[PDB]
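All of this is worked out from the model, or read from it or from the source named; these are not laboratory values. Note that each Cβ is placed from the backbone with ideal geometry, even for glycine, and that neighbours are counted across all protein chains shown.
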Amino acid sequence: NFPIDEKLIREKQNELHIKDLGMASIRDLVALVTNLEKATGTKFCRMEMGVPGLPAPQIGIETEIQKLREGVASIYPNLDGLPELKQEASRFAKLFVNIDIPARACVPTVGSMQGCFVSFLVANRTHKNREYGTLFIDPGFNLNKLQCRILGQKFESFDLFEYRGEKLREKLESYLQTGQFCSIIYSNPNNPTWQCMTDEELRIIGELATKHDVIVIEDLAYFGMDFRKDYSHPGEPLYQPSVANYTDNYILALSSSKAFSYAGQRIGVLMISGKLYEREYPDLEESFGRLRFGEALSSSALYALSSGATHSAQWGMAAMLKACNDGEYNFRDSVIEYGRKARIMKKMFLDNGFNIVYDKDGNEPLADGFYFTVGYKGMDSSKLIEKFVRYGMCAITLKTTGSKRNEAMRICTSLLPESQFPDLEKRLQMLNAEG
Amino acid sequence: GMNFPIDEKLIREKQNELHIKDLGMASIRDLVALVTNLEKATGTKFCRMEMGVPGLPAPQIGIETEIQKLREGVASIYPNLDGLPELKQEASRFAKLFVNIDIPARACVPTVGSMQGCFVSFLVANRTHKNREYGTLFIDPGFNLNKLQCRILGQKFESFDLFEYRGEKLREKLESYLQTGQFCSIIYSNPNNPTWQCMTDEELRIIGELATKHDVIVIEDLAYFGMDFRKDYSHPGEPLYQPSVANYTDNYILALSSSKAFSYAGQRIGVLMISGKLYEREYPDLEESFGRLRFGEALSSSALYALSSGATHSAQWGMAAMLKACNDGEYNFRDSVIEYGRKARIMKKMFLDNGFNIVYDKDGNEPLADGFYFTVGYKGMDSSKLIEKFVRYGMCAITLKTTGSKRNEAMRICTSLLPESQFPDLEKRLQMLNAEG
Ligand SMILES: [Cl-]
Ligand SMILES: [Cl-]
Ligand code: NA
Ligand code: NA
């Protein structure tokens, strides 16, 4: 039972060489909890993994199976990507984002992580006279910083907490007006906070990207997952909001991993502004041997990175997008379950002494979705994560996300089974009773 | 069908339309586009020998395992950070049973084909000694995409054509570069794309010894694994085994693709089998850009994870099952792909009966194996002139001009896709070409 012995916890941390639990890597945190579950015979409420909790859509799976039987495993995918995937991604951009993006400029990638890597690789080499590459609108996804670091590309970042709405203009522009940046990246909906960039904010970002001639990489990993609206019906409003409505300098990264529960197949698509795709950048020639942005990215960089994405997986994604386009599959009907879980879980935290840290978009309360953030009496997250583990819960801090809200933890709603909800509530009660 | 030779005006028009100035230097896309536009414009089918891609079906063991795993749920689960355990374990067993080398599962890293394996090997290996001016020394002729990878990474490289430096002559030639102290790595394919030459034991000992002496990492591209059909490397756990530099140095990365030996190119799956000692070796110069000190951790936990967060889960299962079946003696990979050698023997004879000579013709004193590729020349004619002659006679192949070869008379012939039903067409066309002379 709870709380778990303090000595046992120290011992298991020492075994893993963990000095500050708030900075432990995800694999070390997972190993710690797994070791504690075994040592104590308890099952933790594990809320730390931002991964799919739903099965892959049958349309995807069955298409891969059919295509493997037809012979695609022995055939290299086309240099520019599977034509069907490029075409359905183009249709998807129109039917779900209302953006006109040609199939030519829709590029299959090995997940949005390869999509981000190549975007940084090319976008941050567009202007050799600029000292920096990406401006990060954090809290964000730390692997993206590692990508830039691996590329040797300097970057800057700021925590969006104090700069929402019209306040975003002066803050973004403080960096862009140095003339030293090439790109901007953010996720919407956001990992880790679940904030959704408003149309006011997207207009500010787009206007400034055009003014300062920088490229916006918009990470739509949690596609259409702001459940306060319904973005799931093709060809009619509402549509997923996008910076593409406010600038021509954009790359829209679409992953299959979250909205299509397809993380294992490593397949995504970059939907690149058509005008950007054709734009001639002399500074790309030395390293890529292409002048046009899109050719440098797709024909040179991606080809060199992996010579395409898994052929069966390209078909799986094409089939899933087509089904959405055609009105035969509603992607939101399954993933909205995460929001239903969030509504329940948020209330358990708030009933037991917690507050939502990143709590609003404009005046709208935070959506119920895949993640939310919590704090407990402003205590440092390094202390709160220890308190979680003592009470058989696991979640991550925001310490490596660029957030300056040192009290914040990220709660994920995906894997925790509803059958463990009674245990989560009891544990939160016990945690709050200790105080 | 219309008849040969094709009219020179027609060929000029279609080339001009594609903006091809020197056909011997045209990219593979433009060459392919030219031939398809000529086929369509003339009602003929060319004998297309230019594409170095599998011509056999993917093995059922791979396909069926992917199918089962997709049904079981792998599509919704990110692959483990270090790779699918089963693939790591089966690759380790494969190194032991087919190369006779002990490489732990920990150091066997799944990649999105060998092209991702090569990219990440350059990315990391060429950052191991910041005080060295160059990255890779290419033992060419080779795979031009590798040079583009170094170019993209901003890493200088050097290259030489192995033709004049075989056997003991390789030592002085390789050492002329390495003794400058400015290189980090060496790469070659064995069997080789484009020449089908296979590095001899004598040459592998030289490369390994020099790699140890000058502290450089050898990247051995085993894309055509076990495909020297002059020997039989297909029986697990008994000699002969696939020759490898791993017998002669601890500084090695073995790149194993599924694309050719397992006709699995579409699924973008391979494995780097990294020397265990190398995997654990600490390199201070990797920390700044990778945030790891050990070579293996910089490559797998940092670099590959940033590159794509793994390889397709079902594909990792497919390759694991194929390696396992080889390891367990249930599948023989050579029994399928030896078909390429059967075709090579026939095709070589057609070229040689019609005035050609084999350019890269021997490994030591042994005639070149019958396999996936071979090189031909025609009266020492420049390959930009010979490729024009091929096209006029309804044949397509590539020159060696973008491979690092200085044998400017050579063309690469691939035996993979050309259907046997077209063998008589190839023969007729070679007769006609030779008669013109
Ligand atoms: Cl970082
Ligand atoms: Cl190049
Ligand atoms: Na809609
Ligand atoms: Na053997």
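Would you confirm, using the coordinates I've provided, whether B:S416 is touching a residue at least 60 places away in the same chain (Cβ under 8 Å), in contact with a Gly (Cβ under 6 Å, 6 or more places away or on another chain) and more than 22 Å from B:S159 (Cα to Cα)? Considered against the rule, which asks whether it is touching a residue at least 60 places away in the same chain (Cβ under 8 Å), in contact with a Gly (Cβ under 6 Å, 6 or more places away or on another chain) and more than 22 Å from B:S159 (Cα to Cα), B:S416 comes out as yes. Among residues of segment B:133-155 that are away from chain A (no Cβ under 14 Å), those with a beta-carbon under 6 Å from a residue that is surrounded by fewer than 23 Cβ atoms within 10 Å (Cβ to Cβ) and of a type in the set (D, E, K, R) at least six positions away or on a different chain give the pairs B:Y134/B:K156; B:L137/B:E158; B:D140/B:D161.
Each residue in segment A:93-122 was checked for being assigned to a helix (DSSP H, G or I), within 19 Å of the chain's Cα centre (by Cα) and away from chain B (no Cβ under 11 Å), and 4 pass. Flag: B:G208 does not match the condition of being out of contact with any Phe, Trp or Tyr (no Cβ under 9 Å at 6 or more places or on another chain), away from ligand 1 (no atom under 16 Å from the Cβ), within 17 Å of B:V245 (Cα to Cα) and among the small types (G, A, S).
Tell me yes or no: at least one residue of segment B:151-168 is surrounded by fewer than 22 Cβ atoms within 10 Å (Cβ to Cβ), under 21 Å from the mean Cα position of the chain (by Cα) and small (G, A, S). The answer is yes; a qualifying residue exists.
This table checks each residue for (1) in contact (Cβ under 8 Å) with a residue 24 or more places away in the chain; (2) more than 22 Å from B:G291 (Cα to Cα).
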| position | (1), (2) |
| --- | --- |
| A:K12 | yes, yes |
| A:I18 | no, no |
| A:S25 | no, no |
| A:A31 | no, no |
| A:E37 | no, yes |
| A:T40 | yes, yes |
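Condition check ((1) surrounded by fewer than 24 Cβ atoms within 10 Å (Cβ to Cβ); (2) in a helix (DSSP H, G or I)) across all residues:
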{"position": "B:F183", "(1), (2)": "no, no"}
{"position": "B:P191", "(1), (2)": "no, no"}
{"position": "B:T195", "(1), (2)": "no, no"}
{"position": "B:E209", "(1), (2)": "yes, yes"}
{"position": "B:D215", "(1), (2)": "yes, no"}
{"position": "B:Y233", "(1), (2)": "yes, no"}
{"position": "B:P239", "(1), (2)": "yes, no"}
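Looking across segment A:128-164 at every residue that is assigned to a helix (DSSP H, G or I) and over 23 Å from B:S308 (Cβ atoms), the one that is farthest from ligand 3 (Cβ to nearest atom) is identified as A:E162. If you check A:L284, A:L276, A:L238, A:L252 for being within 14 Å of chain B (Cβ to nearest Cβ) and farther than 21 Å from A:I75 by Cα, only one passes: A:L284. Exactly one residue out of B:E90, B:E64 is touching a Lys or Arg at 6+ places or on another chain (Cβ under 8 Å) and outside the structural domain of B:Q431 (by CATH): that is B:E90.
Which ones in segment B:64-92 are surrounded by fewer than 23 Cβ atoms within 10 Å (Cβ to Cβ), within 7 Å of chain A (Cβ to nearest Cβ) and part of a loop (DSSP other than H, G, I, E, B)? Selection gives B:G73, B:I77, B:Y78, B:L81. Checking every residue in segment A:241-252 against the condition of being among the acidic types (D, E), under 23 Å from the mean Cα position of the chain (by Cα) and not assigned by CATH to the domain that holds A:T413 gives at least one match. From the list B:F225, B:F229, the one residue that fits, being buried (at least 23 other Cβ atoms within 10 Å of the Cβ) and either within 16 Å of ligand 3 (Cβ to nearest atom) or assigned to a loop (DSSP other than H, G, I, E, B) (or both), is B:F225. Put simply, of A:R292, A:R340 the only residue that is surrounded by fewer than 21 Cβ atoms within 10 Å (Cβ to Cβ), on the phi < 0 side of the Ramachandran plot and under 22 Å from the mean Cα position of the chain (by Cα) is A:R340. Take the conditions (1) touching a strand residue (DSSP E or B) at 6+ places or on another chain (Cβ under 8 Å); (2) hydrophobic (A, V, I, L, M, F, W, C); (3) more than 10 Å from chain A (Cβ to nearest Cβ); B:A325 misses just one of them, which is (1).
For (1) more than 28 Å from B:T312 (Cβ to Cβ); (2) in a strand (DSSP E or B); (3) within 14 Å of chain B (Cβ to nearest Cβ); (4) charged (D, E, K, R), each residue gets a yes or a no:
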site	(1), (2), (3), (4)
A:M271	no, yes, no, no
A:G308	no, no, yes, no
A:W315	no, no, yes, no
A:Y329	no, no, no, no
A:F349	yes, no, no, no
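Contact annotation: residue pairs with Cβ atoms under 8 Å, 6 or more positions apart or on different chains, pairing a residue in segment B:293-321 that is without any contact (Cβ under 8 Å) to a residue 40 or more places away in the chain with a partner that is of a type in the set (V, I, T), are B:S302/A:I150; B:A306/A:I150.
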